[PDB]
């Protein structure tokens, strides 16, 4: 039965302490940087948060523990200051949205109102006014999508539209055995909401990758590998948080269930998977359609793949610099995380 399978996992992982190596070391060629105006933008974000129709205590818990302006600052360390507000706001949207919707009918209603908002704002007849009904996490999305679209070409807008629809519908669609690990991992590859952040590098850096390059197999592979990398490192980094509220559909635990690995072996398996996909990602760059003549085009290709890589390294770097997933005291002097599956 479900309970039996979930029972044994809780028993097998409970109170386990697992020291995790510094994940950024597994991606050595990809550096972590910080946008230089994070503090100043956070002042603006704090004032803006006062008007978001989310509960004060909830907005402050997100700001205090997740501090998504910092995540935007690591994803987009070289953007100009004026781009940082909309990037940070979007990240507060997606984490607030995910939180409120984390009841079948409520999820169905909100997803449809959110898809409506996405179409309203990014589609062929733009309407940025929220309907009078709108719940807080939908009402706040209209000005965010409007501001992003103002800095995007219609080519990038179409990609952001489809990527946001994919994320929304992945959440709606996900509602006797724990799931198979590959099934879970592949589900997160399809549904995880990292791809709108790759596209927002085009807002952040004020460029458009041509679609013929975006559809090239090497670019498609770099986007995919970086999506897989972000997910994999998140499986490890979020394990303590997820296990503490007994959300056992965590890749590490699914490896424990399906293959009877220890929690130590399972985490080591995910780390191996990160090394494989990083090496695959690195190989794809030589296959990209680099121009022999066009400096601007090659700077755009460069920037776009750096956006992809910073999603992987930046997600890690941010997790090591906030308390969304663990207490920062759990990191030692060389940034090894001591997971604690106590509860």
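Residue numbers count along the first chain shown, from 1. Basically, rigid core = biggest C-alpha set you can superpose within 1.5 Å across the two forms.
In a rigid core superposition of the other structures in 4 other deposited structures of this protein, 103-111 and 264-272 differ in how far their CA atoms stray, and the farther one is 103-111. When the other compared entries with both flanking residues are checked, residue 176 is unmodelled in at least a third. Count the deposited residues lacking coordinates between residue 129 and residue 130 and you get none at all. In the deposited entry, the stretch joining residue 102 to residue 103 is interrupted by 4 to 9 residues of the deposited sequence lacking coordinates. Mean CA B-factor, 281-289 versus 60-68: the higher value falls on 281-289. As recorded in the PDB entry, 49-57 is the stretch of 49-57 and 302-310 with the greater mean C-alpha temperature factor. Residue set 141, 204, 252, 109: peak C-alpha B-factor at 252 (per PDB entry).
Each of 191, 242, 217, 211 has a CA temperature factor in the record; the biggest one is found at 191. In the PDB entry, a CA B factor belonging to the highest third of its chain's modelled residues is recorded for residue 247. Residue 264 sits in the highest third of its chain by CA B factor, as recorded in the PDB entry. When the modelled residues of the chain are ordered by C-alpha B-factor, residue 124 sits in the middle third. Among the modelled residues of the chain, residue 163 sits in the lowest third by CA temperature factor in this PDB entry. Compared with the other modelled residues of the chain, the Cα B-factor recorded for residue 256 ranks in the highest third.
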